[PDB]
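*Asks:* what would the 3D arrangement of this be:
(chains A, B, C, D, E and F)
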Amino acid sequence: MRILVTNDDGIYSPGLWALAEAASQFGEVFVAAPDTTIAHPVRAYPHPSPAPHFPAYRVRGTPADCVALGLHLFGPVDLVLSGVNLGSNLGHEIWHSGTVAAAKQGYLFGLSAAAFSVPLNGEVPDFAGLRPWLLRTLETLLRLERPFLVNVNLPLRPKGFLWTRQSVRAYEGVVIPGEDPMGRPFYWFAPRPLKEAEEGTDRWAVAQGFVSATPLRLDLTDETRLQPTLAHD
Amino acid sequence: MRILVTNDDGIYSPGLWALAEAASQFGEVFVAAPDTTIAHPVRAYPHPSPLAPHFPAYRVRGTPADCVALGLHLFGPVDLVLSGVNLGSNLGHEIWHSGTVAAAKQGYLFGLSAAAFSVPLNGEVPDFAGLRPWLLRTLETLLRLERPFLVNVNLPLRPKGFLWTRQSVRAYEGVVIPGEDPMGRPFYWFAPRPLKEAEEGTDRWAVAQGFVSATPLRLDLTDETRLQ
Amino acid sequence: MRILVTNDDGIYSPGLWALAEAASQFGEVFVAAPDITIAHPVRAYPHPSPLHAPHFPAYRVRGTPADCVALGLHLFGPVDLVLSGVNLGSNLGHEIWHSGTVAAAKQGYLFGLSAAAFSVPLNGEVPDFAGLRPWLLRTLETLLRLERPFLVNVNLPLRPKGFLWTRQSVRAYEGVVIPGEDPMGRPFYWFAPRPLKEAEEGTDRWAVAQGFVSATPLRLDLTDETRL
Amino acid sequence: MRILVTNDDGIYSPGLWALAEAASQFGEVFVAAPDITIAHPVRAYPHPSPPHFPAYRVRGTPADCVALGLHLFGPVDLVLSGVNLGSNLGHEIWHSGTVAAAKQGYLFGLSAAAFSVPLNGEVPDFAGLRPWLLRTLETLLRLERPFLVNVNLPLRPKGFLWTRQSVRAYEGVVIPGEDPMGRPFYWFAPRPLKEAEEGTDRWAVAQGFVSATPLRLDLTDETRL
Amino acid sequence: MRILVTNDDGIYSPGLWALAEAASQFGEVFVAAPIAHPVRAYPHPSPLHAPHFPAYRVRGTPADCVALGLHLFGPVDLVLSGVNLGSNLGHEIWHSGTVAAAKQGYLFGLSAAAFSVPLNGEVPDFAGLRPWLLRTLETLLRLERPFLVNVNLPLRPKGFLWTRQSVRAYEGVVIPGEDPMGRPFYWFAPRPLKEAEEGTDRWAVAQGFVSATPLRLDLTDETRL
Amino acid sequence: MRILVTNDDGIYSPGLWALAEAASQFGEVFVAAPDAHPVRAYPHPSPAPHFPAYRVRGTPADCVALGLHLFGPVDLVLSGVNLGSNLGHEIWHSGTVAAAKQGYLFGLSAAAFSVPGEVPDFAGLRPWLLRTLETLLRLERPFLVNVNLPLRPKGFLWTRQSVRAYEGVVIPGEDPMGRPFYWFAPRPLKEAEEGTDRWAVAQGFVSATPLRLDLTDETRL
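*Replies:* Residues are numbered from 1 along each chain as shown, chains lettered A, B, ... in the order given. Dropping the coordinates below:
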């Protein structure tokens, strides 16, 4: 099988190259990464892979742009992988994730897809010690009914793997006033969750030391509110 | 009832004032809007509501989410968070990265009822003197629902109805066509297009039929049918 | 004229005797109501018709409503019309398919006799037969003018104020599946299918909703001549 | 595409899996089988399918299975009901639980097809009927949607045929008798006035032809309005 | 004295209202007739021919009737079930629905009795049954409490006997036969070995006496444990 | 000896063929399962060692009557294994139990077998079936025994029937739609006592309760 690897941090992110080297254990691997709805032009320049040579392209566009060009230039492609993003993509963060959107674009194009992320701020992800678990994870996804759309968060030092649901929490909008060093006022926006992540959620799983894998949906409709509204006698 | 009003087009967008005006008809309106992820600092300066009655307002040099948190601290408590009226649609796959929708969701995450308002664009501009009747009718409907609620609303340019809808979810084809600019440089045309037409009952379908579209949104992106 | 009357609620149901007394206005009445293709046994014992109206011959039957049509035609043969009802409960739209009341009539029609099923919408308040009698007589009068043989489904609201021929209501549906739980934590799904629009004028469902008795001529053939 | 498969015999019927298995040869299959309109509680339970298509046993009717089927698995593009052990021809179509489930599917907006094979004697050879189930399924999947067809496969199929429901007049044969314990009763044995007619599902199955009949939803007799 | 009258033949059985009227002669009578499940219930009119009884028609099992019955008319100190339109003697008790209701009442701490009468043949004259029906309740009411008795009234009582349940062995009589349409079948008509020993419910009602058997709830055979 | 096996879940229930196969290790087995009355039945092919089989268009009791006529003489009637419990009060309305009671009413030894979210792994239960059959086969005949095997038994135990008093909990409620109703969620006053079938299965033990046929309460006659 053939795999397209992209991300949203750039063609130089070591997480991009760690994902591609790991994807290569299961198939032909091709890379298309970002430079940084309507028909637009996209410039794509061949990029030499800094490991087993991977045909790569540097795209002047969005990650979704990469997936589309990556399928054109490298088709056929059976799977679309996005990451590994330097930074988590858990709970409410899934919504806005660029990494996730890349995988979602692949699913919308009919392929199977998965986003991979690791937490930042402090220690940098050690990709050598993460290779085993990256591999294990890929081996599992590859045993799912296709196509699939999955969101993966790997902790810094994984001890396991778990299928998770998204953490969904309420917050109290904390606004704390303050003044900068030179006198100018401002507001410190810092929302705190009203409770701890329940077990079974992606956030929990990563805090316990497990690779979290969440199957995503494309439909945002709240049918439990819609259906009753649409009913008649 | 106290209503916080915001958007993502800017304190200067007419869409924003059309909505605050319409919301006033149901309660005391407060406005907080963007100027143009974790504990971060944000600035906010008073702003005179355009002249229409006066609305306490603020321009926030941050995100629509910041506006919502900043509005609840500056005019709290609040009963409802309305975001829009956005100058561009927010149907289907677009809901995902909607700034307008982002603001409303923020209010929801704070225990409040919320709704985003969008009017389709890229051609002509909306007439908010004509849209007002449909806006009022829509708010009136929303306010009868059980609280809290999270609804996404799209209004066609000149509406002739109203439908509770579901999100249009469609598959695509990665149309990539080679080409060069009249100057000589090569490039790739990316033109994604849906494998089919929007279905009856979806938001996209409703709007194309001249109807206002109202979709109740879920916060959980988890696909439970692939988890169990 | 000879008339065979049955139902699918039982021989003690007042909905049964109301239709019998009513039919007794047009001819001699014989009753056969409850207590598979292969040949099967069926017991039938003489039953005393309630001594409150002109006593009519009757038989309690240890079988199905169709078994009833058959034994009746045999112990009372010959018969001109087979009446089934009055069913305590409605038999409208989609419901016509699995109706025991309609079924008995269809059976009579398949033996070459004219037949009609009578039902009255229930759930909550039970019918008042002294007041339905005029409507039973009026409906019966209307049916006896029809070219024979005929097969008709009749539904009468509790307090009718008119009569109308109707076609079967045919609405689209949505399967509402909302989760819940008994007072023991145990998980379960609440399932209630519901139509997606109001019933149309000219349908049985619309008529009774408006307060008009509804009558629908039925077809035996379920073949959709279109796709063939 | 995606397919929901059910029946009214239960989750253990060979007919059901002989259908799910043939269904998987055209798309993602999910099976929901059995154990009023007012809101009622329904419980489903994860059930191991014997290929491998996710499944559920539903403590409910077949309709319930289509409703639940879609909410726990759906969306879905098609509903399949069967194969029912026992035929569903002519007058029988009226009260078939097999057909009622496909019907519940159409009324929900999807295309639907109910499949059935005669019994009352010898069991069917599913692994030996696969030829025409796949063929019968190919023909339908190409039909203009949405559709609602009733399929009746004879035991040893030598062909196909679009049909019309056989509709016939009957004689209410009633012969008295008495059980061994001397008690009296009446034998009720209805029998048709004449044999099935060419073009009907009942005649087609008797000629060894797989029978499919498109079904209408409105029982209204327009030539009387 | 408050009494809940129920049954399993449904809200329109004359046997049910016949029991209520005999029961009202000894206290206030209330009526309800047909895991944690939801149950619907509606007000139902009592036959204006007898002194008004508050009644409900329940869309569930007779066990439900007793549950909802003690909730709506609570407090109740006696649950009577029947009069069933058919006997409930010997091995029949095990499976009787009329008995089940009374049983449910007992499980709830109340005393209870089930009443049955022979059907299939002729119809029971409750007016000509009211004497012994009344007398039977007088007796039942003198018993220590709570009690749980199965009662069977012959079509024309001329006495009353406390009885034991008839327990008989059977010979599995299966007689071959064929119907009119020519097809074969088997007649299963089990016949007991010996007759019904005297002192048994079956012997009593056959002599022409009302039968009353105190029932137990433990199905265990301690003598083999 | 000669063993007749039936159930009430039908001819395709793996629970019937698991009892039949287990019973074949003790005698010749014959099967008669459901889909003064008339009854029809048709030969049926067994899945696994070959057992003479029959599907009866009738009640479970019918299978027992019809099986003794077709394969008689028979010494033991085995009914099950039912998919779903049959403990305490439940015995009363058990079809599985009613089939065995039929064999008993006919002078034969009889036993009912049942197993309670998930499905039973019969290959793993087999050992407990054999072990349970041998035990039963050592009781004086005729006999009627009710047996419940938990999913993964860890013992055996001759039990009595659990007979608990209840409190009829009725709580008003209403469906999502709007239609109101009554919740009838009865509940036992106490917990299942030690040594009763229900308590026993709860402990993970196989349960076997000899059953009586007389429902008379002689202590009050």
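*Asks:* give me the phi and psi angles of the one residue sitting closest to the centre of chain A.
*Replies:* In chain A, the residue lying closest to the centroid (Cα atoms, centre = their mean) is residue A:115, at 3.2 Å. When read as degrees, to the nearest 10, the backbone of residue A:115 gives phi -110, psi 140.
*Asks:* tell me if I'm right that it and residue A:98 touch.
*Replies:* No - counting by Cβ atoms under 8 Å, residue A:115 sits too far from residue A:98 to count as a contact (9.4 Å). (C-beta placed from N, C-alpha, C; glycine too.)
*Asks:* any shared contact partners between those two?
*Replies:* Taking Cβ atoms under 8 Å, 6 or more residues apart in numbering or on different chains as the criterion, residue A:115 and residue A:98 both touch residue A:85.
*Asks:* mind listing what the residue nearest to the centre of chain A touches?
*Replies:* A:82-83, A:85, A:89, A:97, A:99-100, A:102-103, A:150-152.
*Asks:* okay, and the beta partners of it?
*Replies:* residue A:82, residue A:151 (DSSP bridges).
*Asks:* let me see the ranges of the helices in chain A.
*Replies:* Along chain A, counting by DSSP state H, helices occupy A:14-23, A:63-74, A:98-108, A:131-141, A:202-208, A:223-229.
*Asks:* ok, which of those helices comes nearest chain D?
*Replies:* helix A:223-229 (8.4 Å; Cβ to the nearest Cβ).
*Asks:* is any part of that closest one close to chain C?
*Replies:* Yes - residues of helix A:223-229 are located near chain C by Cβ under 8 Å from any Cβ of the partner chain, namely A:224, A:227-228.
*Asks:* who wins for most neighbours among these?
*Replies:* Most neighbours among the residues of helix A:223-229 next to chain C, by other Cβ atoms under 10 Å in any protein chain shown: residue A:227, with 22 neighbours.
*Asks:* count of neighbours near residue A:64?
*Replies:* The burial count for residue A:64: 23, using other Cβ under 10 Å.
*Asks:* what's near enough to touch the residue lying closest to it once chain neighbours are set aside?
*Replies:* By the measure of Cβ to Cβ, 6 or more residues apart in numbering or on different chains, the closest residue to residue A:64 outside its immediate chain neighbours is residue A:105, 4.2 Å from it. Counting by Cβ under 8 Å, 6+ apart, residue A:105 touches A:63-64, A:67-68, A:80, A:113.
*Asks:* and with 10 Å instead?
*Replies:* A:6, A:62-68, A:71, A:80, A:82, A:111, A:113, B:93, B:172, B:174, B:192 (Cβ atoms under 10 Å, 6 or more residues apart in numbering or on different chains).
*Asks:* for residue A:184, phi and psi?
*Replies:* Taking degrees, to the nearest 10 as the convention, residue A:184 sits at phi -60, psi 130.
*Asks:* skip the chain neighbours and tell me the closest residue to it.
*Replies:* Nearest to residue A:184 is residue B:43, by Cβ to Cβ, 6+ apart, at 7.8 Å.
*Asks:* tell me, how many residues neighbour the residue in chain A that chain E sits nearest to?
*Replies:* Taking Cβ to the nearest Cβ, chain E has its nearest neighbour within chain A at residue A:233, 17.1 Å off. Per other Cβ under 10 Å, the neighbour tally for residue A:233 reads 9.
*Asks:* please report how far it lies from chain D.
*Replies:* 10 Å (Cβ to the nearest Cβ, to the nearest Å).
*Asks:* with residue A:77 instead?
*Replies:* As judged by Cβ to the nearest Cβ, residue A:77 and chain D stand 21 Å apart.
*Asks:* contacting residues around that residue?
*Replies:* Per Cβ under 10 Å, 6+ apart, neighbours of residue A:77: A:1-4, A:27-28, A:30, A:67, A:70-71, A:106, A:109, A:111-112, B:174.
*Asks:* farthest-separated two in the contacts of residue A:115?
*Replies:* A:85 and A:150 (14.1 Å; Cβ to Cβ).
*Asks:* looking at chain A, which residue is nearest chain C?
*Replies:* For chain A, Cβ to the nearest Cβ, closest residue to chain C: residue A:231, 3.9 Å.
*Asks:* what about that residue, how many residues nearby?
*Replies:* Using other Cβ under 10 Å, the number of residues around residue A:231 comes to 17.
*Asks:* do residue A:136 as well
*Replies:* The burial count for residue A:136: 14, using other Cβ under 10 Å.
*Asks:* in this structure it contacts residue A:160, no?
*Replies:* Yes - under the criterion of Cβ atoms under 10 Å, residue A:136 makes contact with residue A:160 at 9.4 Å.
*Asks:* need the overlap of contacts for the two.
*Replies:* Contacts common to residue A:136 and residue A:160, judged by Cβ under 10 Å, 6+ apart, are residue A:211.
*Asks:* got phi/psi on residue A:11?
*Replies:* phi -60, psi -10.
*Asks:* where do the strands sit along chain A?
*Replies:* Taking DSSP state E as the test, the strands found in chain A are A:2-6, A:28-34, A:40-48, A:55-60, A:79-86, A:112-118, A:149-153, A:160-163, A:171-172, A:175-179, A:185-189, A:192-193, A:210-215.
*Asks:* packing partners of the first one?
*Replies:* Counting contacts by 3 or more Cβ pairs under 10 Å, 6 or more residues apart in numbering or on different chains; DSSP states H and E, strand A:2-6 is packed against helix A:14-23, strand A:28-34, strand A:55-60, helix A:63-74, strand A:79-86, helix A:98-108, strand A:112-118.
*Asks:* for chain F, what's the nearest residue on chain A?
*Replies:* Nearest residue of chain A to chain F: residue A:228, at 6.4 Å (Cβ to the nearest Cβ).
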